[PDB]
Amino acid sequence: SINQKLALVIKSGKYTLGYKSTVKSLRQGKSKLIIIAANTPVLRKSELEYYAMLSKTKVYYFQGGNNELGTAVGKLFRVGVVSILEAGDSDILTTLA
Amino acid sequence: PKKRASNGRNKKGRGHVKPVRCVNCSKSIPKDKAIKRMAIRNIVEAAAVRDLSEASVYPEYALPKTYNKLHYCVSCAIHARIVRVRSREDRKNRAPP
Amino acid sequence: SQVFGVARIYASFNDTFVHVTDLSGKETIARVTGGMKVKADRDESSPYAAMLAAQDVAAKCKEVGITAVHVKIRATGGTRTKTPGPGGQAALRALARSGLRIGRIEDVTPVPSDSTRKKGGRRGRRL
Amino acid sequence: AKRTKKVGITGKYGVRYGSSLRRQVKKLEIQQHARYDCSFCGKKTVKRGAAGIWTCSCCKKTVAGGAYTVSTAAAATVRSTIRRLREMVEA
Amino acid sequence: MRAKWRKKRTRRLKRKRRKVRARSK
Amino acid sequence: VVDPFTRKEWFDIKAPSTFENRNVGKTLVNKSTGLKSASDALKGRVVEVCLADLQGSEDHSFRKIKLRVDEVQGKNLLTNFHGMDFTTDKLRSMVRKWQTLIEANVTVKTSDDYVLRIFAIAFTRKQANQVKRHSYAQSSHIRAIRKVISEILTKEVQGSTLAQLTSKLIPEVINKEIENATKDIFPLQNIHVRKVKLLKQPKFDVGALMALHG
Amino acid sequence: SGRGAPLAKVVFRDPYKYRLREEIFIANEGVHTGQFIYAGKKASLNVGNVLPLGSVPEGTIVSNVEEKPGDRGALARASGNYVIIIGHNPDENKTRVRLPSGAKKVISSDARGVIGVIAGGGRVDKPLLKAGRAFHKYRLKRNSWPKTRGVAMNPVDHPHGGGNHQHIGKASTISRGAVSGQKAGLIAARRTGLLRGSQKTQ
RNA sequence: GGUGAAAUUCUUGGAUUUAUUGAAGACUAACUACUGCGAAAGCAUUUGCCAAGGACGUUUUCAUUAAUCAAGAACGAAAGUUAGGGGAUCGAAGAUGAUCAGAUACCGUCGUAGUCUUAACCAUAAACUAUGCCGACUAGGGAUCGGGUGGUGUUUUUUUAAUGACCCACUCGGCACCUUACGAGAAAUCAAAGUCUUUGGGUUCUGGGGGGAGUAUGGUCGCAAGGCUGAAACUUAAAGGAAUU
Ligand SMILES: [Mg+2]
Ligand SMILES: [Mg+2]
Ligand SMILES: [Mg+2]
Ligand SMILES: [Mg+2]
Ligand SMILES: [Mg+2]
Ligand SMILES: [Mg+2]
Ligand SMILES: [Mg+2]
Ligand SMILES: [Mg+2]
Ligand SMILES: [Mg+2]
Ligand SMILES: [Mg+2]
Ligand SMILES: [Mg+2]
Ligand SMILES: [Mg+2]
Ligand SMILES: [Mg+2]
Ligand SMILES: [Mg+2]
Ligand SMILES: [Mg+2]
Ligand SMILES: [Mg+2]
Ligand SMILES: [Mg+2]
Ligand SMILES: [Mg+2]
Ligand SMILES: [Mg+2]
Ligand SMILES: [Mg+2]
Ligand SMILES: [Mg+2]
Ligand SMILES: [Mg+2]
Ligand SMILES: [Mg+2]
Ligand SMILES: [Mg+2]
Ligand SMILES: [Mg+2]
Ligand SMILES: [Mg+2]
Ligand SMILES: [Zn+2]
Ligand SMILES: [Zn+2]
């Protein structure tokens, strides 16, 4: 699954959670993929999406609220966006995503 | 005392089967216990067959019958239809004829 | 060769219904039924009754123009006996025997994917 | 330390009005004080005040809803019906 | 008398002695 | 002292193109009296004629067809397609005990945007050396056959304007494509489409209706 | 105040002058602050929008519907109510709806409604429990509470007044043709008594 | 129209019928069987999603972790109860038409609750195989469901395979039937109800003549109806089972 690979990336690669840091990660060209929660307000989605393409970073719209994405990254708090800084032995960077 | 190893009809390993409504009196009766007969009989009868292909287009053309099942409610199945009674050891025999 | 029509015999018990309509249905002709040719209220379906009403039936059937007709025999159906009444086998006979023609008849007894609990309670009509 | 065996919030009414009236109230009363999940921001901070009006502690969004609960059953079916008929008029 | 009708019999009979005894609780 | 027989007008029914004969029969309506005349109020009817009478041979004894009547001109009311059924007896005669039944169906459109739902029935068959008396399938056979039947049926429809689907059904093309893909799963004697109903049709388009006429 | 349902303040632009123009809607359950509302013939079919009953498929559920086009909304305004579109007659462009009372009216297809139900539903399920709750209720509507029964008044006061026990004295079903000072009781009552059987008009 | 036969009823309101079409709720017909599955209740239209399971295959793993169980607990047909929805059907109640000496019924008409569903209760059925669970052993037969193994078996042709279904032998584990019976029983019957006066594998539960009576009383659970627990005084020579005539 898409969770299945996120769960790998969590356990073998590098990442960062939250909005301020993915932008620090977008500005430094570090993010290879950002994952946006369904209920994240559009304006933030827009701004991330804009910051994305300026970085030529790909964007996956996680079909799901922030409460769920926090679960998917294996965290007990809610997360609105994620930034894959290095994918581990997972292939999200180079699969149908 | 008991007077049938089947207690009635055809149910071992199940526990409950849906009932059917008798075709004569409409009494409910479990389908496993409900004396059944397929009704196959022509539309035309012993005499109307000759009168049929006489004043008819399409030489004899099909003679198609009507087919339906019947469900009896032992009370009814005994009143008219196929049991009437069997003796003690006549009871056992399940040969149709 | 001839001029077609639909018969659609509904021969339940306690009455029998023979009436011809256009091969399309929306236009009907010549209905008179089995409770119309006797007055006994227990002979309202007997073959001897549906016969006499088959005679009046084919009469207008030719007095209007149908020389041939297909039949669609039918019982009560629905949640009922599903089985043909007695005055159907008389009627089909006494309408082909009236010099009418017969082609490709079938059965149109309504038969459901069982539902709509029958009348008369789980213990049956006990008499 | 379990304080009441069945009255719960409804204990404020003491003995008055009759058990079956207080049961009916207690239900809608529990319905109508409770903290609900914000469909918009995620956190569970939709509270009520003025039946019909439900607003979120932070993100301060206000949703019209049921008199003592956020989504009334009917409204929710009406949603899916409106969904149903809308998609009927895109394809 | 049918066993079950004797069940209903004493069911009522209890509900009446149940009732009558309450005049005095 | 009325006898509307002295009053009603007559009419003769003509079938569409893709059959053998087009001359069907007669009908009674009314005098074309202004303010509810014999045209607009009716003739939007159907007729149930067995296609073995609409084609001629008796390898078509089952398979009733409904002909809806859509346009009228000068004692001549051409008809179009409205549905197809089976004779009650045929079905009643295919369903025998000791064998598995299998039914499937799908709602689907066409280029000529006639939405419809076709059906499909099929019964198991005994291998012609088989000793065990009943020969049932495996309920995963059953689910697969429906998938393939549903695979095969969805392609025929939305294949161009049910008038061609008409030309597709009449020669039983579908029936074998079923059985061909099927033989890898289970024997399955007695495969037919067995039914199709019509539920939504597009705007009249007086032009395209006269495509099957002449 | 004195209303079952919440209102919805919805500002539009004045197409003809540079200014904002605030309208007061009845909040349809599910609408929310910051939402965009779309009002027009060629508008889409979401909860909140306002659309002419002709432009909606049957089965649609609309509130605050006008009885004549443009009267700015008469039917189905109380908390929890709505009307259901149940067919169109495109020529004459009527639309048949079923009001909350069950009665089925047929109004113009240009009559407008707002997609959904009115908010605050189910308010009447909760017992008032006591005089004061009723008091504050009517304190904000009209001086209609509490109600003395005509049967505990003296005859000067009511058709039902007087007698040495409390009793109505004559049939309490009064006729339409009655006159002021006579109509108290069950006016025009065509049946009376406990309603056995199921309600809900065919 | 309905019935043994009738009648209460429906019919200028075009009934009943016919035709085209629409809406509502319920059900899943034929296929359905000495067929499958689940702890039991119970489970039968398609498709997607969600977790679950037995049997089997096994030169995998752990290594006594298990058997059966007072207390306690999960589930628990139908009806019935609370609050919403639903309310097609059939239909306790009630009202009728008949029948009857009577007829509070059987039969016919109407038809309230109900019947379906959501949230909650209720915990009982001839809830039946009237037959506790685990283990061992004791005797023949042919069908069948699932799994597996064996194949110069049949059938599908394409060019032969592979496949799939089919056939034959065997082996696990199912639901059942047949025939015998060493054996068992008061018998009817019974591969367990056998391997008991030649009386002992482990374990749980219940009964001790018939009424009184599942009543009285207390305790407890329940909104209620009622569930569980449950006496006695007194009375009585039978009550009962299976088979024969
Ligand atoms: Mg006996
Ligand atoms: Mg049974
Ligand atoms: Mg049972
Ligand atoms: Mg009735
Ligand atoms: Mg009898
Ligand atoms: Mg007192
Ligand atoms: Mg006042
Ligand atoms: Mg007062
Ligand atoms: Mg008052
Ligand atoms: Mg006074
Ligand atoms: Mg007066
Ligand atoms: Mg006065
Ligand atoms: Mg007075
Ligand atoms: Mg008084
Ligand atoms: Mg089915
Ligand atoms: Mg204790
Ligand atoms: Mg009802
Ligand atoms: Mg009565
Ligand atoms: Mg009487
Ligand atoms: Mg009575
Ligand atoms: Mg018990
Ligand atoms: Mg039993
Ligand atoms: Mg046994
Ligand atoms: Mg093999
Ligand atoms: Mg054996
Ligand atoms: Mg108590
Ligand atoms: Zn019967
Ligand atoms: Zn919020």
# chains A, B, ... in the order shown; residues from 1 in each chain; ligands from 1

$ residues_around --residues "stretch 10-14 of chain B" --least-positions-apart "3" --cutoff "8 Å" --atoms "only C-alpha atoms (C1' of nucleotides)" --output "number ranges by chain"
B: 6, 17, 32-33; H: 34, 175-176

$ residues_near_ligand --ligand "ligand 24" --cutoff "9 Å" --atoms "only C-alpha atoms (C1' of nucleotides) and all ligand atoms" --output "ChimeraX atom specification"
/H:149-151

$ residues_around --residues "residue G:38" --least-positions-apart "6" --cutoff "8 Å" --atoms "only C-alpha atoms (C1' of nucleotides)" --output "number ranges by chain"
G: 44, 48-50

$ write_last_selection --atoms "N, CA and C atoms" --output "PDB file, in the first residue's frame"
ATOM      1  N   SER G  44     -24.731  25.211  -9.241  1.00  0.00           N
ATOM      2  CA  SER G  44     -24.520  23.787  -9.053  1.00  0.00           C
ATOM      3  C   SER G  44     -25.253  23.315  -7.815  1.00  0.00           C
ATOM      4  N   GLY G  48     -26.616  24.551   0.356  1.00  0.00           N
ATOM      5  CA  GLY G  48     -26.301  25.943   0.590  1.00  0.00           C
ATOM      6  C   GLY G  48     -26.689  26.837  -0.564  1.00  0.00           C
ATOM      7  N   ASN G  49     -26.440  26.366  -1.776  1.00  0.00           N
ATOM      8  CA  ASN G  49     -26.743  27.129  -2.970  1.00  0.00           C
ATOM      9  C   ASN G  49     -28.252  27.322  -3.106  1.00  0.00           C
ATOM     10  N   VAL G  50     -28.658  28.313  -3.898  1.00  0.00           N
ATOM     11  CA  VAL G  50     -30.076  28.575  -4.131  1.00  0.00           C
ATOM     12  C   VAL G  50     -30.335  28.517  -5.630  1.00  0.00           C
TER      13      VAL G  50
END

$ interface_residues --of "chain G" --to "chain D" --cutoff "9 Å" --atoms "only C-alpha atoms" --output "PDB file with N, CA and C atoms, in the first residue's frame"
ATOM      1  N   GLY G   4     -36.383  28.840  15.842  1.00  0.00           N
ATOM      2  CA  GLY G   4     -35.869  27.512  16.115  1.00  0.00           C
ATOM      3  C   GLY G   4     -34.461  27.327  15.595  1.00  0.00           C
ATOM      4  N   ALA G   5     -34.206  27.823  14.414  1.00  0.00           N
ATOM      5  CA  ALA G   5     -33.125  27.676  13.474  1.00  0.00           C
ATOM      6  C   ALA G   5     -32.172  28.850  13.539  1.00  0.00           C
ATOM      7  N   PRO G   6     -30.908  28.616  13.223  1.00  0.00           N
ATOM      8  CA  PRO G   6     -29.956  29.721  13.095  1.00  0.00           C
ATOM      9  C   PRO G   6     -30.110  30.425  11.763  1.00  0.00           C
ATOM     10  N   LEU G   7     -29.642  31.662  11.726  1.00  0.00           N
ATOM     11  CA  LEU G   7     -29.585  32.406  10.485  1.00  0.00           C
ATOM     12  C   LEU G   7     -28.171  32.352   9.914  1.00  0.00           C
ATOM     13  N   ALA G   8     -28.039  32.755   8.657  1.00  0.00           N
ATOM     14  CA  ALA G   8     -26.750  32.739   7.976  1.00  0.00           C
ATOM     15  C   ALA G   8     -26.576  34.074   7.288  1.00  0.00           C
ATOM     16  N   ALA G  27     -29.857  29.490   8.021  1.00  0.00           N
ATOM     17  CA  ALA G  27     -28.748  28.555   7.861  1.00  0.00           C
ATOM     18  C   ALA G  27     -29.269  27.157   7.592  1.00  0.00           C
ATOM     19  N   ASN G  28     -28.889  26.616   6.441  1.00  0.00           N
ATOM     20  CA  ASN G  28     -29.235  25.244   6.095  1.00  0.00           C
ATOM     21  C   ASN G  28     -28.239  24.287   6.721  1.00  0.00           C
ATOM     22  N   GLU G  29     -28.735  23.206   7.324  1.00  0.00           N
ATOM     23  CA  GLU G  29     -27.841  22.393   8.138  1.00  0.00           C
ATOM     24  C   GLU G  29     -26.656  21.955   7.311  1.00  0.00           C
ATOM     25  N   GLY G  30     -25.466  22.217   7.833  1.00  0.00           N
ATOM     26  CA  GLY G  30     -24.240  21.853   7.192  1.00  0.00           C
ATOM     27  C   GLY G  30     -23.499  23.015   6.597  1.00  0.00           C
ATOM     28  N   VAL G  31     -24.178  24.133   6.321  1.00  0.00           N
ATOM     29  CA  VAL G  31     -23.431  25.292   5.838  1.00  0.00           C
ATOM     30  C   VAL G  31     -22.533  25.794   6.963  1.00  0.00           C
ATOM     31  N   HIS G  32     -21.463  26.495   6.587  1.00  0.00           N
ATOM     32  CA  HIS G  32     -20.460  26.867   7.577  1.00  0.00           C
ATOM     33  C   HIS G  32     -19.876  28.227   7.251  1.00  0.00           C
ATOM     34  N   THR G  33     -19.290  28.869   8.261  1.00  0.00           N
ATOM     35  CA  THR G  33     -18.625  30.138   8.017  1.00  0.00           C
ATOM     36  C   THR G  33     -17.546  29.956   6.966  1.00  0.00           C
ATOM     37  N   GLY G  34     -17.308  31.009   6.205  1.00  0.00           N
ATOM     38  CA  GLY G  34     -16.309  30.984   5.168  1.00  0.00           C
ATOM     39  C   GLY G  34     -16.692  30.213   3.925  1.00  0.00           C
ATOM     40  N   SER G  44     -24.731  25.211  -9.241  1.00  0.00           N
ATOM     41  CA  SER G  44     -24.520  23.787  -9.053  1.00  0.00           C
ATOM     42  C   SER G  44     -25.253  23.315  -7.815  1.00  0.00           C
ATOM     43  N   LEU G  45     -25.346  22.002  -7.692  1.00  0.00           N
ATOM     44  CA  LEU G  45     -26.316  21.354  -6.819  1.00  0.00           C
ATOM     45  C   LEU G  45     -25.662  20.909  -5.517  1.00  0.00           C
ATOM     46  N   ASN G  46     -25.215  21.881  -4.724  1.00  0.00           N
ATOM     47  CA  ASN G  46     -24.662  21.597  -3.401  1.00  0.00           C
ATOM     48  C   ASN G  46     -25.468  22.294  -2.314  1.00  0.00           C
ATOM     49  N   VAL G  47     -25.473  21.668  -1.129  1.00  0.00           N
ATOM     50  CA  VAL G  47     -26.095  22.197   0.082  1.00  0.00           C
ATOM     51  C   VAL G  47     -25.657  23.631   0.302  1.00  0.00           C
ATOM     52  N   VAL G  56     -33.491  21.597 -10.744  1.00  0.00           N
ATOM     53  CA  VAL G  56     -33.021  20.523  -9.875  1.00  0.00           C
ATOM     54  C   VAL G  56     -33.746  19.226 -10.214  1.00  0.00           C
ATOM     55  N   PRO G  57     -33.049  18.100 -10.199  1.00  0.00           N
ATOM     56  CA  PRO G  57     -33.705  16.832 -10.508  1.00  0.00           C
ATOM     57  C   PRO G  57     -34.689  16.500  -9.419  1.00  0.00           C
ATOM     58  N   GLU G  58     -35.675  15.679  -9.756  1.00  0.00           N
ATOM     59  CA  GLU G  58     -36.581  15.288  -8.690  1.00  0.00           C
ATOM     60  C   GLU G  58     -35.831  14.462  -7.646  1.00  0.00           C
ATOM     61  N   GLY G  59     -36.442  14.351  -6.465  1.00  0.00           N
ATOM     62  CA  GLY G  59     -35.755  13.859  -5.292  1.00  0.00           C
ATOM     63  C   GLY G  59     -34.906  14.878  -4.567  1.00  0.00           C
ATOM     64  N   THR G  60     -34.640  16.032  -5.177  1.00  0.00           N
ATOM     65  CA  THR G  60     -33.890  17.107  -4.533  1.00  0.00           C
ATOM     66  C   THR G  60     -34.573  17.554  -3.246  1.00  0.00           C
ATOM     67  N   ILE G  61     -33.776  18.073  -2.322  1.00  0.00           N
ATOM     68  CA  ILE G  61     -34.258  18.474  -1.012  1.00  0.00           C
ATOM     69  C   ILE G  61     -33.907  19.944  -0.802  1.00  0.00           C
ATOM     70  N   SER G  79     -37.112  25.012  11.971  1.00  0.00           N
ATOM     71  CA  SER G  79     -35.932  24.187  12.233  1.00  0.00           C
ATOM     72  C   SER G  79     -36.178  22.714  11.938  1.00  0.00           C
ATOM     73  N   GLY G  80     -35.513  22.213  10.909  1.00  0.00           N
ATOM     74  CA  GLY G  80     -35.636  20.845  10.505  1.00  0.00           C
ATOM     75  C   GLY G  80     -36.530  20.586   9.313  1.00  0.00           C
ATOM     76  N   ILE G 115     -30.694  24.349  -1.212  1.00  0.00           N
ATOM     77  CA  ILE G 115     -30.478  22.903  -1.212  1.00  0.00           C
ATOM     78  C   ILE G 115     -30.119  22.439   0.198  1.00  0.00           C
ATOM     79  N   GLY G 116     -30.996  21.673   0.809  1.00  0.00           N
ATOM     80  CA  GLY G 116     -30.666  21.034   2.057  1.00  0.00           C
ATOM     81  C   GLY G 116     -31.861  21.034   2.963  1.00  0.00           C
ATOM     82  N   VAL G 117     -31.584  20.946   4.268  1.00  0.00           N
ATOM     83  CA  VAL G 117     -32.581  21.176   5.303  1.00  0.00           C
ATOM     84  C   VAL G 117     -32.122  22.329   6.177  1.00  0.00           C
ATOM     85  N   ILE G 118     -33.097  22.897   6.882  1.00  0.00           N
ATOM     86  CA  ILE G 118     -32.849  23.933   7.872  1.00  0.00           C
ATOM     87  C   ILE G 118     -32.161  23.337   9.094  1.00  0.00           C
ATOM     88  N   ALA G 119     -31.237  24.099   9.665  1.00  0.00           N
ATOM     89  CA  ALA G 119     -30.472  23.649  10.810  1.00  0.00           C
ATOM     90  C   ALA G 119     -31.329  23.642  12.079  1.00  0.00           C
ATOM     91  N   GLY G 120     -30.704  23.216  13.181  1.00  0.00           N
ATOM     92  CA  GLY G 120     -31.343  23.114  14.483  1.00  0.00           C
ATOM     93  C   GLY G 120     -32.369  22.008  14.634  1.00  0.00           C
ATOM     94  N   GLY G 121     -32.300  20.976  13.797  1.00  0.00           N
ATOM     95  CA  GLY G 121     -33.347  19.981  13.786  1.00  0.00           C
ATOM     96  C   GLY G 121     -33.389  19.179  15.070  1.00  0.00           C
ATOM     97  N   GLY G 122     -34.573  18.640  15.345  1.00  0.00           N
ATOM     98  CA  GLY G 122     -34.787  17.790  16.502  1.00  0.00           C
ATOM     99  C   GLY G 122     -35.008  18.528  17.795  1.00  0.00           C
ATOM    100  N   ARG G 123     -35.115  19.857  17.737  1.00  0.00           N
ATOM    101  CA  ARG G 123     -35.255  20.669  18.938  1.00  0.00           C
ATOM    102  C   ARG G 123     -36.476  20.256  19.753  1.00  0.00           C
ATOM    103  N   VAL G 124     -37.572  19.891  19.082  1.00  0.00           N
ATOM    104  CA  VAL G 124     -38.788  19.542  19.810  1.00  0.00           C
ATOM    105  C   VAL G 124     -38.726  18.159  20.433  1.00  0.00           C
ATOM    106  N   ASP G 125     -37.628  17.414  20.258  1.00  0.00           N
ATOM    107  CA  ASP G 125     -37.570  16.099  20.887  1.00  0.00           C
ATOM    108  C   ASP G 125     -37.335  16.190  22.382  1.00  0.00           C
ATOM    109  N   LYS G 126     -36.722  17.281  22.856  1.00  0.00           N
ATOM    110  CA  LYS G 126     -36.333  17.464  24.253  1.00  0.00           C
ATOM    111  C   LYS G 126     -37.484  18.032  25.072  1.00  0.00           C
ATOM    112  N   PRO G 127     -37.880  17.370  26.155  1.00  0.00           N
ATOM    113  CA  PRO G 127     -38.923  17.924  27.019  1.00  0.00           C
ATOM    114  C   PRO G 127     -38.556  19.302  27.547  1.00  0.00           C
ATOM    115  N   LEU G 128     -39.567  20.164  27.652  1.00  0.00           N
ATOM    116  CA  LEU G 128     -39.388  21.444  28.332  1.00  0.00           C
ATOM    117  C   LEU G 128     -39.144  21.258  29.817  1.00  0.00           C
ATOM    118  N   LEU G 129     -39.738  20.218  30.393  1.00  0.00           N
ATOM    119  CA  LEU G 129     -39.514  19.757  31.752  1.00  0.00           C
ATOM    120  C   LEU G 129     -40.146  20.644  32.804  1.00  0.00           C
ATOM    121  N   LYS G 130     -40.497  21.881  32.478  1.00  0.00           N
ATOM    122  CA  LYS G 130     -40.935  22.785  33.538  1.00  0.00           C
ATOM    123  C   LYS G 130     -41.420  24.135  33.024  1.00  0.00           C
TER     124      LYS G 130
END

$ closest_atom_pairs --of "chain G" --to "ligand 7" --cutoff "6 Å" --atoms "only C-alpha atoms and all ligand atoms" --output "JSON lines"
{"residue": "G:143", "atom": "CA", "partner": "ligand 7", "partner_atom_place_in_ligand_line": "1 (Mg)", "distance": 5.1}
{"residue": "G:145", "atom": "CA", "partner": "ligand 7", "partner_atom_place_in_ligand_line": "1 (Mg)", "distance": 5.0}
{"residue": "G:146", "atom": "CA", "partner": "ligand 7", "partner_atom_place_in_ligand_line": "1 (Mg)", "distance": 5.9}
